[PDB]
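**Q** Encoded as structure tokens, here's the structure I'll be asking about.
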Protein chains: 2
Amino acid sequence: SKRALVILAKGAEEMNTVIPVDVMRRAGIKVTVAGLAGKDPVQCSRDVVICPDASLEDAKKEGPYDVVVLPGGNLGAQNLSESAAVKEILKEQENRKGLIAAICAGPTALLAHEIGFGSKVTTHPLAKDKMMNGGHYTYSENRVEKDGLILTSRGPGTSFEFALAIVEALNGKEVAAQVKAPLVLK
Amino acid sequence: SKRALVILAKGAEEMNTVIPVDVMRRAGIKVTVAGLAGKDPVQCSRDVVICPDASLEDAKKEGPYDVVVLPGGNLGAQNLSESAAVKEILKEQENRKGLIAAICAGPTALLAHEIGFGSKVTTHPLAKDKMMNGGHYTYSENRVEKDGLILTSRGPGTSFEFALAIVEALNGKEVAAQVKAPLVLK
């Protein structure tokens, strides 16, 4: 089976976090929800409290992963951006040519850690200016953008499309369609 | 402010749970995530573990609420259906003419507790036969159905529409539109 690391920090957007975790598990991906700050429960942006599977410290020992997923939430993304551990994980993933997927403010952590410069990306509209500081990416208003191994998306309302794009990248079109149908998507 | 009770049981569909909690809080609704079995963390259907704000036992003392929300997930909905506390909460809410909102398998708990018989309802397609046992409701394939104080919806992929319908019912159309826009919905 393919494996996903989802990095969960205080202030993460819980919708962005849970929709990809759940949809990936529906696709038979082995998902590790890793707490940035450790193993303790994480208070997300709208106060939903999620217990991580593991600390990031531990999870990063069990790499590598077929995708590393950065949820959004402004404050979550800021925490990701400030983390040396996240920098190392993303640099390794990029080096080994593994998928990196980021949604809403999440992609701003790519900028912080100098990941995938030159890629076409999207973000939440309110995160565009931050992402584009220095002009290191080319911006898109597509609901999901994939430029090689950099996959990005816009917001809670694009979370399903983002998650199904990860499923398609890892497990193929047929599995994505199979997982999609029971969700009752529009 | 308006107040929402979201009843969280083992096996709840985490997407169904988190999307309404988060969207309601965006709308300035005071939301209590209440654990059916107590205050301990709850393992949802795809293994996302959510820490409730309160036990249901405690939360039900702090009623009444402007809406009572039943997430889906087959096994979650079965737990809701079997609960005497849930029966009492829903009967009180119906009596006082307060909104009851249920998504995916969630509405089958309405059937278990003899709530809102005669209403037009929808469910997840795979829960239709259960819901319609005895012919006590009239079925709909609309993505969200509202028949007076019984509001129902179909699945993870209708979660945003379901949540925004609750917001519109409690806080009005303008607040629903305001909350909608930053979600980046299609």
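By order in the structure tokens, chains are A, B, ...; within a chain, residues start at 1; ligands start at 1, following the order shown.
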Quick check for you: according to DSSP on this backbone, which residues of chain A are classed as strand (DSSP E or B)? Reply as a PyMOL selection string.
**A** chain A and resi 3-8+30-35+42-43+49-51+54-55+67-70+99-103+120-121+138-139+144-147+150-153
**Q** Using only C-alpha atoms, find which residues of chain A lie within 6 Å of chain B and jot them down as a VMD selection string.
**A** chain A and resid 15 19 22 46 49 to 51 155 to 157 183 to 185
**Q** If chain A is fitted onto chain B by least squares over all C-alpha atoms, taken pair by pair in sequence order, what do its new coordinates look like as a PDB file with C-alpha atoms, in the first residue's frame?
**A**
ATOM      1  CA  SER A   1     -25.978  33.855  19.925  1.00  0.00           C
ATOM      2  CA  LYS A   2     -27.612  30.656  18.723  1.00  0.00           C
ATOM      3  CA  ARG A   3     -26.385  27.333  20.107  1.00  0.00           C
ATOM      4  CA  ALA A   4     -25.841  23.926  18.497  1.00  0.00           C
ATOM      5  CA  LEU A   5     -25.449  20.482  20.020  1.00  0.00           C
ATOM      6  CA  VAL A   6     -23.508  18.028  17.867  1.00  0.00           C
ATOM      7  CA  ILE A   7     -23.762  14.479  19.212  1.00  0.00           C
ATOM      8  CA  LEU A   8     -20.568  12.533  18.593  1.00  0.00           C
ATOM      9  CA  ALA A   9     -20.544   8.728  18.833  1.00  0.00           C
ATOM     10  CA  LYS A  10     -17.970   6.051  18.014  1.00  0.00           C
ATOM     11  CA  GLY A  11     -18.075   5.385  14.289  1.00  0.00           C
ATOM     12  CA  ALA A  12     -19.325   8.858  13.365  1.00  0.00           C
ATOM     13  CA  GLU A  13     -18.313   9.999   9.889  1.00  0.00           C
ATOM     14  CA  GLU A  14     -15.630  12.538  10.734  1.00  0.00           C
ATOM     15  CA  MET A  15     -16.195  14.629   7.606  1.00  0.00           C
ATOM     16  CA  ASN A  16     -19.916  14.917   8.404  1.00  0.00           C
ATOM     17  CA  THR A  17     -19.030  15.892  11.945  1.00  0.00           C
ATOM     18  CA  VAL A  18     -16.214  18.390  11.382  1.00  0.00           C
ATOM     19  CA  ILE A  19     -17.642  20.292   8.410  1.00  0.00           C
ATOM     20  CA  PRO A  20     -20.829  21.299  10.237  1.00  0.00           C
ATOM     21  CA  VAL A  21     -18.977  22.083  13.503  1.00  0.00           C
ATOM     22  CA  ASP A  22     -16.470  24.321  11.699  1.00  0.00           C
ATOM     23  CA  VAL A  23     -19.010  26.042   9.427  1.00  0.00           C
ATOM     24  CA  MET A  24     -21.392  26.696  12.331  1.00  0.00           C
ATOM     25  CA  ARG A  25     -18.571  28.244  14.375  1.00  0.00           C
ATOM     26  CA  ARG A  26     -17.699  30.428  11.370  1.00  0.00           C
ATOM     27  CA  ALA A  27     -21.308  31.616  11.555  1.00  0.00           C
ATOM     28  CA  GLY A  28     -20.851  32.653  15.218  1.00  0.00           C
ATOM     29  CA  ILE A  29     -22.981  29.779  16.499  1.00  0.00           C
ATOM     30  CA  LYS A  30     -21.914  28.430  19.900  1.00  0.00           C
ATOM     31  CA  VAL A  31     -21.312  24.741  19.149  1.00  0.00           C
ATOM     32  CA  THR A  32     -20.966  22.003  21.736  1.00  0.00           C
ATOM     33  CA  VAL A  33     -19.405  18.784  20.472  1.00  0.00           C
ATOM     34  CA  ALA A  34     -20.875  16.296  22.946  1.00  0.00           C
ATOM     35  CA  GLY A  35     -19.520  12.773  23.371  1.00  0.00           C
ATOM     36  CA  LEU A  36     -22.310  10.194  23.454  1.00  0.00           C
ATOM     37  CA  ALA A  37     -20.317   7.823  25.672  1.00  0.00           C
ATOM     38  CA  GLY A  38     -18.691  10.494  27.843  1.00  0.00           C
ATOM     39  CA  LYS A  39     -15.855  12.999  27.680  1.00  0.00           C
ATOM     40  CA  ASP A  40     -13.191  10.659  26.264  1.00  0.00           C
ATOM     41  CA  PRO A  41     -11.823  10.996  22.715  1.00  0.00           C
ATOM     42  CA  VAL A  42     -14.000   9.410  20.015  1.00  0.00           C
ATOM     43  CA  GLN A  43     -12.677   7.168  17.248  1.00  0.00           C
ATOM     44  CA  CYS A  44     -14.562   8.085  14.083  1.00  0.00           C
ATOM     45  CA  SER A  45     -15.316   5.837  11.098  1.00  0.00           C
ATOM     46  CA  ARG A  46     -11.999   6.460   9.311  1.00  0.00           C
ATOM     47  CA  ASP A  47     -10.004   6.496  12.538  1.00  0.00           C
ATOM     48  CA  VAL A  48      -9.778  10.258  13.019  1.00  0.00           C
ATOM     49  CA  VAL A  49      -9.905  10.744  16.790  1.00  0.00           C
ATOM     50  CA  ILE A  50     -11.807  13.792  18.007  1.00  0.00           C
ATOM     51  CA  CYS A  51     -11.891  15.072  21.590  1.00  0.00           C
ATOM     52  CA  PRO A  52     -15.412  16.193  22.532  1.00  0.00           C
ATOM     53  CA  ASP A  53     -16.027  19.504  24.307  1.00  0.00           C
ATOM     54  CA  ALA A  54     -18.190  17.779  26.919  1.00  0.00           C
ATOM     55  CA  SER A  55     -19.990  14.535  27.652  1.00  0.00           C
ATOM     56  CA  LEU A  56     -23.549  14.304  26.346  1.00  0.00           C
ATOM     57  CA  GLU A  57     -24.583  13.737  29.972  1.00  0.00           C
ATOM     58  CA  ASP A  58     -23.223  17.182  30.856  1.00  0.00           C
ATOM     59  CA  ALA A  59     -24.199  18.946  27.625  1.00  0.00           C
ATOM     60  CA  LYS A  60     -27.837  17.881  27.895  1.00  0.00           C
ATOM     61  CA  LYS A  61     -28.011  19.710  31.236  1.00  0.00           C
ATOM     62  CA  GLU A  62     -27.110  22.939  29.439  1.00  0.00           C
ATOM     63  CA  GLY A  63     -29.976  22.768  26.950  1.00  0.00           C
ATOM     64  CA  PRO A  64     -31.957  23.645  25.224  1.00  0.00           C
ATOM     65  CA  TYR A  65     -30.220  24.181  21.879  1.00  0.00           C
ATOM     66  CA  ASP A  66     -31.340  25.938  18.702  1.00  0.00           C
ATOM     67  CA  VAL A  67     -30.290  22.893  16.689  1.00  0.00           C
ATOM     68  CA  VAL A  68     -29.404  19.300  17.489  1.00  0.00           C
ATOM     69  CA  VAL A  69     -27.089  17.794  14.873  1.00  0.00           C
ATOM     70  CA  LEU A  70     -26.709  14.069  14.130  1.00  0.00           C
ATOM     71  CA  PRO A  71     -23.677  13.271  11.959  1.00  0.00           C
ATOM     72  CA  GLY A  72     -23.685  10.147   9.829  1.00  0.00           C
ATOM     73  CA  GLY A  73     -21.506   7.095   9.604  1.00  0.00           C
ATOM     74  CA  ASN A  74     -23.395   3.818   9.730  1.00  0.00           C
ATOM     75  CA  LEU A  75     -21.931   2.705  13.040  1.00  0.00           C
ATOM     76  CA  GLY A  76     -22.220   6.199  14.529  1.00  0.00           C
ATOM     77  CA  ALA A  77     -25.874   6.370  13.551  1.00  0.00           C
ATOM     78  CA  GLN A  78     -26.478   2.945  15.072  1.00  0.00           C
ATOM     79  CA  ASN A  79     -25.004   4.146  18.352  1.00  0.00           C
ATOM     80  CA  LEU A  80     -27.221   7.245  18.257  1.00  0.00           C
ATOM     81  CA  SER A  81     -30.247   5.056  17.475  1.00  0.00           C
ATOM     82  CA  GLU A  82     -29.642   2.834  20.503  1.00  0.00           C
ATOM     83  CA  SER A  83     -29.255   5.692  23.009  1.00  0.00           C
ATOM     84  CA  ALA A  84     -31.957   6.569  25.550  1.00  0.00           C
ATOM     85  CA  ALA A  85     -30.300   9.945  26.128  1.00  0.00           C
ATOM     86  CA  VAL A  86     -30.491  10.721  22.415  1.00  0.00           C
ATOM     87  CA  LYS A  87     -34.160   9.699  22.351  1.00  0.00           C
ATOM     88  CA  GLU A  88     -34.917  12.111  25.177  1.00  0.00           C
ATOM     89  CA  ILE A  89     -32.964  14.970  23.625  1.00  0.00           C
ATOM     90  CA  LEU A  90     -34.653  14.592  20.259  1.00  0.00           C
ATOM     91  CA  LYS A  91     -38.155  14.218  21.713  1.00  0.00           C
ATOM     92  CA  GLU A  92     -37.655  17.375  23.780  1.00  0.00           C
ATOM     93  CA  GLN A  93     -36.310  19.268  20.782  1.00  0.00           C
ATOM     94  CA  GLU A  94     -39.253  18.200  18.606  1.00  0.00           C
ATOM     95  CA  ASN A  95     -41.716  19.118  21.367  1.00  0.00           C
ATOM     96  CA  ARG A  96     -40.256  22.614  21.759  1.00  0.00           C
ATOM     97  CA  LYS A  97     -40.282  23.050  17.975  1.00  0.00           C
ATOM     98  CA  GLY A  98     -36.491  23.304  17.654  1.00  0.00           C
ATOM     99  CA  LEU A  99     -34.452  22.380  14.571  1.00  0.00           C
ATOM    100  CA  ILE A 100     -33.133  18.834  14.206  1.00  0.00           C
ATOM    101  CA  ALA A 101     -30.476  18.300  11.521  1.00  0.00           C
ATOM    102  CA  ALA A 102     -29.197  14.890  10.402  1.00  0.00           C
ATOM    103  CA  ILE A 103     -26.828  13.817   7.603  1.00  0.00           C
ATOM    104  CA  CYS A 104     -25.953  10.564   5.689  1.00  0.00           C
ATOM    105  CA  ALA A 105     -27.002   7.599   7.979  1.00  0.00           C
ATOM    106  CA  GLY A 106     -27.816  10.106  10.755  1.00  0.00           C
ATOM    107  CA  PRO A 107     -31.501  10.391   9.867  1.00  0.00           C
ATOM    108  CA  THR A 108     -32.005   6.701  10.682  1.00  0.00           C
ATOM    109  CA  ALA A 109     -31.746   7.732  14.344  1.00  0.00           C
ATOM    110  CA  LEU A 110     -34.861   9.860  13.761  1.00  0.00           C
ATOM    111  CA  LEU A 111     -36.647   6.669  12.721  1.00  0.00           C
ATOM    112  CA  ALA A 112     -35.359   4.754  15.772  1.00  0.00           C
ATOM    113  CA  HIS A 113     -36.643   7.467  18.112  1.00  0.00           C
ATOM    114  CA  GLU A 114     -39.930   8.081  16.252  1.00  0.00           C
ATOM    115  CA  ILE A 115     -39.035  11.683  15.406  1.00  0.00           C
ATOM    116  CA  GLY A 116     -40.706  13.784  12.718  1.00  0.00           C
ATOM    117  CA  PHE A 117     -42.821  11.005  11.205  1.00  0.00           C
ATOM    118  CA  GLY A 118     -44.545  12.241   8.042  1.00  0.00           C
ATOM    119  CA  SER A 119     -41.635  14.470   7.054  1.00  0.00           C
ATOM    120  CA  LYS A 120     -39.934  14.549   3.676  1.00  0.00           C
ATOM    121  CA  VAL A 121     -36.336  13.394   4.268  1.00  0.00           C
ATOM    122  CA  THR A 122     -33.173  12.398   2.459  1.00  0.00           C
ATOM    123  CA  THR A 123     -30.316  10.136   3.554  1.00  0.00           C
ATOM    124  CA  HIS A 124     -27.209   8.577   2.113  1.00  0.00           C
ATOM    125  CA  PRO A 125     -28.412   6.362  -0.746  1.00  0.00           C
ATOM    126  CA  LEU A 126     -27.270   3.217   1.124  1.00  0.00           C
ATOM    127  CA  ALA A 127     -29.348   4.209   4.188  1.00  0.00           C
ATOM    128  CA  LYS A 128     -32.616   4.719   2.280  1.00  0.00           C
ATOM    129  CA  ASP A 129     -34.028   1.241   2.891  1.00  0.00           C
ATOM    130  CA  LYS A 130     -33.372   1.491   6.641  1.00  0.00           C
ATOM    131  CA  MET A 131     -34.930   4.970   6.837  1.00  0.00           C
ATOM    132  CA  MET A 132     -38.008   3.887   4.873  1.00  0.00           C
ATOM    133  CA  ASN A 133     -38.779   0.750   6.887  1.00  0.00           C
ATOM    134  CA  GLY A 134     -42.488   1.086   7.673  1.00  0.00           C
ATOM    135  CA  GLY A 135     -43.013   4.026   5.324  1.00  0.00           C
ATOM    136  CA  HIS A 136     -42.960   6.672   8.082  1.00  0.00           C
ATOM    137  CA  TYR A 137     -41.257   9.311   5.954  1.00  0.00           C
ATOM    138  CA  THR A 138     -41.407  10.419   2.342  1.00  0.00           C
ATOM    139  CA  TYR A 139     -38.090  10.066   0.565  1.00  0.00           C
ATOM    140  CA  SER A 140     -36.224  12.694  -1.400  1.00  0.00           C
ATOM    141  CA  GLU A 141     -33.051  12.621  -3.511  1.00  0.00           C
ATOM    142  CA  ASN A 142     -32.374  16.322  -2.985  1.00  0.00           C
ATOM    143  CA  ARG A 143     -28.890  17.029  -1.628  1.00  0.00           C
ATOM    144  CA  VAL A 144     -30.443  18.860   1.319  1.00  0.00           C
ATOM    145  CA  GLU A 145     -34.100  18.478   2.348  1.00  0.00           C
ATOM    146  CA  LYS A 146     -35.847  20.687   4.907  1.00  0.00           C
ATOM    147  CA  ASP A 147     -39.399  19.909   5.979  1.00  0.00           C
ATOM    148  CA  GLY A 148     -40.142  22.369   8.742  1.00  0.00           C
ATOM    149  CA  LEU A 149     -37.913  21.576  11.685  1.00  0.00           C
ATOM    150  CA  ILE A 150     -36.473  18.369  10.160  1.00  0.00           C
ATOM    151  CA  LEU A 151     -33.380  19.109   8.062  1.00  0.00           C
ATOM    152  CA  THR A 152     -31.597  16.208   6.320  1.00  0.00           C
ATOM    153  CA  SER A 153     -28.780  15.633   3.834  1.00  0.00           C
ATOM    154  CA  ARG A 154     -27.002  12.827   1.989  1.00  0.00           C
ATOM    155  CA  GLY A 155     -23.250  12.432   2.491  1.00  0.00           C
ATOM    156  CA  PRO A 156     -19.763  13.825   2.996  1.00  0.00           C
ATOM    157  CA  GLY A 157     -20.066  15.577  -0.368  1.00  0.00           C
ATOM    158  CA  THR A 158     -23.225  17.405   0.712  1.00  0.00           C
ATOM    159  CA  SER A 159     -21.788  18.407   4.102  1.00  0.00           C
ATOM    160  CA  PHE A 160     -21.161  22.055   3.152  1.00  0.00           C
ATOM    161  CA  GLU A 161     -24.678  22.522   1.751  1.00  0.00           C
ATOM    162  CA  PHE A 162     -26.079  20.834   4.891  1.00  0.00           C
ATOM    163  CA  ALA A 163     -24.037  23.055   7.213  1.00  0.00           C
ATOM    164  CA  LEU A 164     -24.915  26.233   5.309  1.00  0.00           C
ATOM    165  CA  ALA A 165     -28.599  25.257   5.473  1.00  0.00           C
ATOM    166  CA  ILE A 166     -28.318  25.059   9.257  1.00  0.00           C
ATOM    167  CA  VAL A 167     -26.617  28.477   9.254  1.00  0.00           C
ATOM    168  CA  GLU A 168     -29.375  29.936   7.103  1.00  0.00           C
ATOM    169  CA  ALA A 169     -32.096  28.489   9.368  1.00  0.00           C
ATOM    170  CA  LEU A 170     -30.532  29.880  12.557  1.00  0.00           C
ATOM    171  CA  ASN A 171     -28.769  33.074  11.476  1.00  0.00           C
ATOM    172  CA  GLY A 172     -30.349  33.941   8.101  1.00  0.00           C
ATOM    173  CA  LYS A 173     -29.465  34.102   4.414  1.00  0.00           C
ATOM    174  CA  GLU A 174     -26.984  36.967   4.607  1.00  0.00           C
ATOM    175  CA  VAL A 175     -24.846  35.272   7.270  1.00  0.00           C
ATOM    176  CA  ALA A 176     -24.915  32.024   5.281  1.00  0.00           C
ATOM    177  CA  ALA A 177     -23.690  33.848   2.154  1.00  0.00           C
ATOM    178  CA  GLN A 178     -20.965  35.641   4.132  1.00  0.00           C
ATOM    179  CA  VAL A 179     -19.709  32.373   5.615  1.00  0.00           C
ATOM    180  CA  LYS A 180     -19.939  30.597   2.245  1.00  0.00           C
ATOM    181  CA  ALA A 181     -17.700  32.888   0.204  1.00  0.00           C
ATOM    182  CA  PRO A 182     -14.341  32.267   1.953  1.00  0.00           C
ATOM    183  CA  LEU A 183     -14.846  28.490   1.745  1.00  0.00           C
ATOM    184  CA  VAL A 184     -14.140  28.443  -2.010  1.00  0.00           C
ATOM    185  CA  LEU A 185     -17.178  26.322  -2.854  1.00  0.00           C
ATOM    186  CA  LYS A 186     -18.249  25.196  -6.334  1.00  0.00           C
TER     187      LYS A 186
END
**Q** Could you give me, as a list in words, each residue of segment 104-157 of chain B that DSSP assigns to helix (DSSP H, G or I) when run on this structure's backbone?
**A**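 Answer for segment 104-157 of chain B, restricted to helix (DSSP H, G or I): residues 108, 109, 110, 111, 112, 125, 126, 127, 128, 129, 130, 131, 156 and 157 of chain B.
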**Q** Any chance you could export the current selection's C-alpha atoms as a compact mmCIF listing (two decimals), in the first residue's frame?
**A**
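File written: result-v9.txt
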# COMPACT_ATOMS: atom_id res chain seq x y z
CA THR B 108 -32.00 6.70 10.68
CA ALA B 109 -31.75 7.73 14.34
CA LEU B 110 -34.86 9.86 13.76
CA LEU B 111 -36.65 6.67 12.72
CA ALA B 112 -35.36 4.75 15.77
CA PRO B 125 -28.41 6.36 -0.75
CA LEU B 126 -27.27 3.22 1.12
CA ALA B 127 -29.35 4.21 4.19
CA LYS B 128 -32.62 4.72 2.28
CA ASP B 129 -34.03 1.24 2.89
CA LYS B 130 -33.37 1.49 6.64
CA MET B 131 -34.93 4.97 6.84
CA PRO B 156 -19.76 13.83 3.00
CA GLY B 157 -20.07 15.58 -0.37
